[PDB]
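*Asks:* Protein chains in written order, with the deposited numbering: chain Z, 49 to 144; chain X, 4 to 145; chain A, 1 to 26, 48 to 113; chain a, 1 to 67; chain H, 1 to 64, 66 to 206, 210 to 318; chain b, 5 to 84; chain B, 68 to 112. For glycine and all other residues, C-beta sits at the position ideal for the given N, C-alpha and C.
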Amino acid sequence: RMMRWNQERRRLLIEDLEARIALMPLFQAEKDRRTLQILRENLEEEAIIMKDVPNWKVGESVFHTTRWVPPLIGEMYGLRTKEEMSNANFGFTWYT
Amino acid sequence: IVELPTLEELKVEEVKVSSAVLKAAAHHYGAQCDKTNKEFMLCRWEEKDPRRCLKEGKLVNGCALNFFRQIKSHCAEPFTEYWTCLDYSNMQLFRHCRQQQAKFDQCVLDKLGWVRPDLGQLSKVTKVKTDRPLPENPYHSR
Amino acid sequence: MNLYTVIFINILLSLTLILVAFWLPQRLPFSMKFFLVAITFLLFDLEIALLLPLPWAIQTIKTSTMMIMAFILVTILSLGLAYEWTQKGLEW
Amino acid sequence: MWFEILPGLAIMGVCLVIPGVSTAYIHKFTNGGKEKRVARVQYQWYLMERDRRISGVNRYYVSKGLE
Amino acid sequence: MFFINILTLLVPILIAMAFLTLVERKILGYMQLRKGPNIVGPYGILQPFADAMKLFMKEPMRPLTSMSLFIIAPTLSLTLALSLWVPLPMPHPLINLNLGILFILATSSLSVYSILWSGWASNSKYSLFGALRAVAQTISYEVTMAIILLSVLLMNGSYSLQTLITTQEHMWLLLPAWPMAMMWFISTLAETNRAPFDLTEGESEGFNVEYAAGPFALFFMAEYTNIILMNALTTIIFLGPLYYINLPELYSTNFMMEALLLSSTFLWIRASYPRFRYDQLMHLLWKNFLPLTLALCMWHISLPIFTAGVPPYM
Amino acid sequence: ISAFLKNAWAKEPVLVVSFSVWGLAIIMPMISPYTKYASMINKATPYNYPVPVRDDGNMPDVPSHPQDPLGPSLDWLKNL
Amino acid sequence: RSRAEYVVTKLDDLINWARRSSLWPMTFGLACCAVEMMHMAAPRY
Ligand SMILES: COC1=C(OC)C(=O)C(CC=C(C)C)=C(C)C1=O
């Protein structure tokens, strides 16, 4: 019975993973836009805040290469409301 | 600079439906629109950046959007019953709801003509040909 | 957090009780076997720690290597036990 | 006879079902009439938070085809 | 709300914890041809509250001893035992932890210290001798206790206690794996220092020797809560109560019934058996049970693979 | 040798069973009609998104709808 | 009532009830009168 039950359970599992797989294209998309937007929002504010700073390039890749590099959590939510940052940082370890 | 795209460039209609809604229609979505879903994805993997493939991303939600409009036009309440029961469960498990699933699945085959994809046949790798060709310097390395 | 909330209530409930308790009523180490047991215990503990990942490793694509590895670990420790049972070990 | 050990047990049992019924209704009342979703893997959280970001400020609120 | 859900899940257990001593002093009684305590209150219902008040009022004599490894020890014992009820998955749990059984195994392991700390703190010979032996069988039994769980998990797929409700939707894990249930039950009897395996603090008065009044009570409370918790873990891991997603309480109703019966069983075991010798006890675990457990552990890594039954993660 | 096993089954009736299991677990995997499935059933379970390849041409890869008859199948998993 | 004296008496009583309901004895068991106590512990009494 255990052999048959887990084989069934496995069939249900493959289905659910297949399900996310299908929806992954979308989420990838929404995130991409959200993420890019997030940066722009904080970056836009950066222009306002670090405005009078001398020799202050509004922003510049800490690196030399010019290729897109995924933004670290801090960068995205750093200048944002504290909580927002906390949520992301300690928001999974702490269950729903 | 950072050449971060502008908001107007990244503003497009949103699906915004409860994740549960999606999981219930997930299988069919994976069926309907899979070609544009994969093209956005194929552009997404090669060119590491999201700067390049956002045009494709707007298309992906655009398909999804009419996918939903068609189900609202026909077989909306069979779907409505299926999602509500699916949402109640904590892990939104598919097997707790099979009676609702059957009526939702049978209708849309009857009216939309779509089909629930058999176990598998969504995981299998797809071939989608896209105009833009892979860039020889993806990492843009010296 | 959710857990923290519960735990601090848990300590509070116990500290409350001990306090009430106090406030309301106003060398031979012969058994190196003991030590021996205890040495074994960690060798077994450590072994458990190696076996603890087996639930995730079951799903490993290899499978053959998984079992080949796991069976070797269990067998070699058990032999360790066996030798504990050959000399005057585990016989306190 | 042995009839009497039951009183005590009754008060044990009643005190071991409360917890299971309690935890399982303070969830269905602090999660909008629906079991509290279980975020075990990153994806379950995403959809959980995506949903939050979807409408209102709470996940149980579930926007449907009519949105 | 969450706070209310902390009262429930605690008080209710504490009140039930009190009613276990009563159902122990009556079930042992009738088995021995005696009514047991019925004169205080109606049918002895007020009896548990009565000695609690007597215990707290009597002087907590601090021996002419440490004063912390003495007060930390009962606080730790009650704290860990009541804490381990946090993740238990009655219907749905209070704090669902993805690695739940490792939490229960780790929290249990920490209680061995309280015994070690209390024994060192007392500074009298009876206490130290008792603690050293007590610590020895507790951790000795932990080694088979842990391996027995690892066999279970591998057939459950995960460490989360919540998964077993979905694993045991068709059959109890006793049918399969009964050989370990027995070995889980005997190990549950050792880890709660109950009778067959209760050499410490025997008629030989170990770590209560110097403990009276409030400290006595806290461990005391701890032991009995544990007595329940471990029995409850048997009633989730091996005896899987029927679960219906539509009505969650029949799960808790049957959890109530099975837990009480297996809690009744260790009460029944105590009156029925003489206590084992210190070495007799370790002879069982290292000679009789550990070879059985390690081998049956391998059988539970093999049963999945060649029966193509590898359990679904998640 | 029979005695080595008849008294060891009467007295010491734990190590006998213990070893027996050790072995039976060391054999069943080798000989079984399902052992192979484990590495497949777990292999199949799709956890990470399956990235699609460019269609240079002349390929048997399922193009378009994954439902295309081409590609891998788990009917072995079904009706298993 | 609230005049403390009454309140005190009631409280004392509770305290007395707890000690008087649960008395835990210890039997040095010198000599034989111990056998007559084991009888108390036993089922008739
Ligand atoms: C006759 O010798 C005695 C004992 O051993 C036989 C006891 O255990 C005890 C202890 C028994 C009770 C009633 C607690 C007593 C009284 C005693 O004197």
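1) Tell me whether the beta-carbon of residue 55/H lies closer than 8 Å to the beta-carbon of residue 217/H.
2) Residues in its own chain within less than 6 Å of residue 74/H by CB, not counting five upstream and five downstream?
3) Around the Cβ of residue 134/H, are there at least 16 other Cβ atoms within 10 angstroms (buried) or fewer (exposed)?
4) Find the residues of chain b that neighbour residue 61/Z, judging by a C-beta separation of less than 9 Å, and give them in chain order.
5) Let me see if you follow: with CB-CB separation under 8 Å, is residue 53/Z close to chain A or not?
6) Spatial neighbours of residue 66/b within its chain, please: C-beta separation below 7 Å, excluding the five flanking residues on both sides.
7) Taking only three categories from DSSP, how would you classify residue 129/X?
8) Going by C-alpha distance, which of 192/H, 152/H, 165/H, 29/H is nearest residue 180/H?
9) Assuming residue 74/Z and residue 67/X are in contact, meaning their beta carbons sit under 8 Å apart, how far apart are those beta carbons, in whole angstroms?
10) Given a threshold of 16 other Cβ atoms within 10 Å of its Cβ, counted over all protein chains shown, does residue 276/H qualify as buried or as exposed?
11) What three-state label does DSSP hand residue 76/A in the structure shown?
12) Would you kindly check if the distance between the Cβ of residue 128/X and the Cβ of residue 56/b is under 8 Å?
13) How about residue 86/H and residue 9/H: are their beta carbons less than 8 Å apart?
14) Does the beta carbon of residue 4/b come closer than 8 Å to any beta carbon on chain H?
15) Mind listing the chain H neighbours of residue 58/Z? Cutoff is C-beta to C-beta under 7 Å, in chain order.
16) Give the secondary structure of residue 55/b by DSSP, where H, G and I count as helix, E and B as strand, and everything else as coil.
17) Check whether the Cβ atoms of residue 184/H and residue 296/H lie closer than 8 Å to each other.
18) Confirm, please, whether the CB-CB distance from residue 132/H to residue 67/H is below 8 Å.
19) State buried or exposed for residue 48/H, treating a residue as buried only when at least 16 other CB atoms are found within 10 Å of its CB.
20) What are the complete alpha helix (DSSP H) segments, minimum 4 residues, inside the region 10-56 of chain a?
21) Taking the alpha helix (DSSP H) that residue 253/H belongs to, which residues open and close that run?
22) Does the beta carbon of residue 68/Z sit closer than 8 Å to a beta carbon anywhere in chain a?
23) Taking the alpha-carbon of residue 108/H as reference, which of 100/H, 84/H, 255/H, 97/H has the nearest alpha-carbon?
24) First and last residue of the alpha helix (DSSP H) that includes residue 127/Z?
25) Check whether the region 279-291 of chain H touches the region 81-93 of chain A, taking contact to mean three or more Cβ pairs, one atom from each stretch, closer than 8 Å.
26) Please determine if the region 33-53 of chain a and the region 40-48 of chain X are in contact, where contact requires at least 3 C-beta pairs separated by less than 8 Å.
27) Tell me whether residue 94/B counts as near ligand 2, meaning its Cβ is closer than 7 Å to at least one heavy atom of that ligand.
28) What does residue 38/a touch in chain X if you count any residue whose Cβ is under 8 Å from its own?
29) Taking all protein chains shown into account, do 16 or more other C-beta atoms lie within 10 angstroms of the C-beta of residue 104/X, making it buried, or fewer, making it exposed?
30) Could you tell me which of 166/H, 144/H, 186/H, 125/H sits nearest to residue 65/A, measuring between CA atoms?
31) Of all the options 24/b, 12/b, 42/b, which has the alpha carbon lying nearest to the alpha carbon of residue 79/A?
32) Using only CA atoms, which one of 224/H, 268/H, 274/H, 256/H lies nearest to residue 52/H?
33) How about residue 219/H and residue 23/a: do their beta carbons lie closer than 8 Å?
34) Just how far apart, CA to CA, sit residue 68/B and residue 76/B?
35) Output the distance between the C-alpha atoms of residue 19/A and residue 204/H, rounded to the nearest integer angstrom.
36) What did DSSP end up calling residue 153/H once you bin it into helix, strand or coil?
*Replies:* By the coordinates alone:
1) Here residue 55/H is taken as the residue at index 55 of the fifth sequence, counted from 1. Here residue 217/H is taken as the residue at index 213 of the fifth sequence, counted from 1. For residue 55/H and residue 217/H, yes; Cβs fall inside 8 Å.
2) As a working note, residue 74/H is residue 73 in the fifth sequence. So the list reads 115, 118, 119, once near-sequence residues are dropped.
3) Residue 134/H sits at position 133 when you count from the first residue of the fifth sequence. That one is buried.
4) Position 13 of the first sequence, counting from 1, holds the residue named residue 61/Z. Counting only Cβ-Cβ distances below 9 Å, residue 61/Z has contacts in chain b at 49, in chain order.
5) As a first step, residue 53/Z is located in the first sequence; it is residue number 5 there, counting from the start. Residue 53/Z does not count as touching chain A.
6) Here the question's residue 66/b lines up with position 62 in the sixth sequence. Excluding residues within five positions, the ones whose Cβ falls inside 7 Å are 72, 74, 75.
7) Translated into the one-based positions of the second sequence, residue 129/X becomes position 126. Looking at residue 129/X - three-state DSSP - the assignment turns out to be strand.
8) If you number the fifth sequence from 1, residue 180/H lands on position 179. Ranking the options by Cα distance to residue 180/H, first place goes to 152/H.
9) Within the first sequence, the letter at position 26 stands for residue 74/Z. Within the second sequence, the letter at position 64 stands for residue 67/X. A Cβ-Cβ separation of about 6 Å places residue 74/Z in contact with residue 67/X under the 8 Å criterion.
10) For the purposes of this step, residue 276/H is identified with residue 272 of the fifth sequence, where counting begins at 1. Within a 10 Å sphere around the beta-carbon of residue 276/H sit fewer than 16 other beta-carbons, which makes this residue exposed.
11) The residue labelled residue 76/A in the question sits at position 55 within the third sequence. In this structure, residue 76/A counts as helix in the three-state DSSP scheme.
12) Here residue 56/b refers to the residue found at position 52 when the sixth sequence is read from its first residue. Here residue 128/X refers to the residue found at position 125 when the second sequence is read from its first residue. Yes.
13) Working through the fifth sequence from its first residue, we reach residue 86/H at position 85. Working through the fifth sequence from its first residue, we reach residue 9/H at position 9. Closer than 8 Å, so yes.
14) The structure shown does not extend to residue 4/b, since chain b is modelled only from 5 through 84, so no value can be given for it.
15) In the first sequence, counting from the first residue as 1, residue 58/Z sits at position 10. For a Cβ distance threshold of 7 Å, residue set 316 of chain H lies close to residue 58/Z, ordered along the chain.
16) Stepping through the sixth sequence from its first residue, residue 55/b is reached at position 51. Residue state, collapsed to three classes: coil.
17) On the fifth sequence, residue 184/H is found 183 positions in, with the first residue counted as 1. On the fifth sequence, residue 296/H is found 292 positions in, with the first residue counted as 1. Yes, the Cβ-Cβ distance between residue 184/H and residue 296/H is below 8 Å.
18) In the fifth sequence, the residue the question calls residue 67/H occupies position 66. In the fifth sequence, the residue the question calls residue 132/H occupies position 131. Contact: no.
19) On the fifth sequence, residue 48/H is found 48 positions in, with the first residue counted as 1. Looking at its Cβ environment, which holds 16 or more other Cβ atoms inside 10 Å, residue 48/H is buried.
20) Counting only runs of 4 or more, we get 42-54.
21) On the fifth sequence, position 249 is the one that residue 253/H refers to. Start and end: 253-276.
22) Locating residue 68/Z in the first sequence gives position 20, where the first residue counts as 1. Residue contact with chain a for residue 68/Z: present (Cβ-Cβ distance below 8 Å to some residue of chain a).
23) Taking the first residue of the fifth sequence as position 1, residue 108/H is located at position 107. Relative to the Cα of residue 108/H, the nearest Cα in the group 100/H, 84/H, 255/H, 97/H belongs to 84/H.
24) Start at 1 with the first residue of the first sequence, and residue 127/Z comes out as number 79. It is not in any alpha helix (DSSP H) - residue 127/Z carries neither H nor E in the DSSP assignment.
25) The region 279-291 of chain H, when compared against the region 81-93 of chain A, does not touch it at the 8 Å Cβ threshold.
26) The region 33-53 of chain a makes no contact with the region 40-48 of chain X: fewer than 3 CB pairs, one atom from each, lie closer than 8 Å.
27) This structure does not include ligand 2; its bound ligands are ligand 1.
28) Along the fourth sequence, read from residue 1 onward, the residue named residue 38/a stands at position 38. When 8 Å is used as the limit between beta carbons, residue 38/a is near these residues of chain X: 93, 94, in chain order.
29) On the second sequence, position 101 is the one that residue 104/X refers to. Result: buried.
30) Numbered from its first residue, the third sequence carries residue 65/A at position 44. Closest option to residue 65/A, Cα to Cα, is 144/H.
31) As a position in the third sequence, residue 79/A is number 58, starting the count at 1. It is 42/b whose Cα lies nearest to the Cα of residue 79/A.
32) Taking the first residue of the fifth sequence as position 1, residue 52/H is located at position 52. Comparing alpha carbon positions, the residue from 224/H, 268/H, 274/H, 256/H closest to residue 52/H is 224/H.
33) Here the question's residue 219/H lines up with position 215 in the fifth sequence. Here the question's residue 23/a lines up with position 23 in the fourth sequence. Cβ distance not < 8 Å, so residue 219/H and residue 23/a don't count as in contact.
34) Position 1 of the seventh sequence, counted from the first residue, corresponds to residue 68/B. Position 9 of the seventh sequence, counted from the first residue, corresponds to residue 76/B. Take the alpha-carbon of residue 68/B and the one of residue 76/B: they are about 12 Å apart.
35) Position 19 of the third sequence, counting from 1, holds the residue named residue 19/A. Position 203 of the fifth sequence, counting from 1, holds the residue named residue 204/H. Going by the C-alpha atoms only, they are around 29 Å apart.
36) Indexing the fifth sequence from 1 puts residue 153/H at position 152. Of the three classes helix, strand and coil, the one that applies to residue 153/H here is helix, per DSSP.
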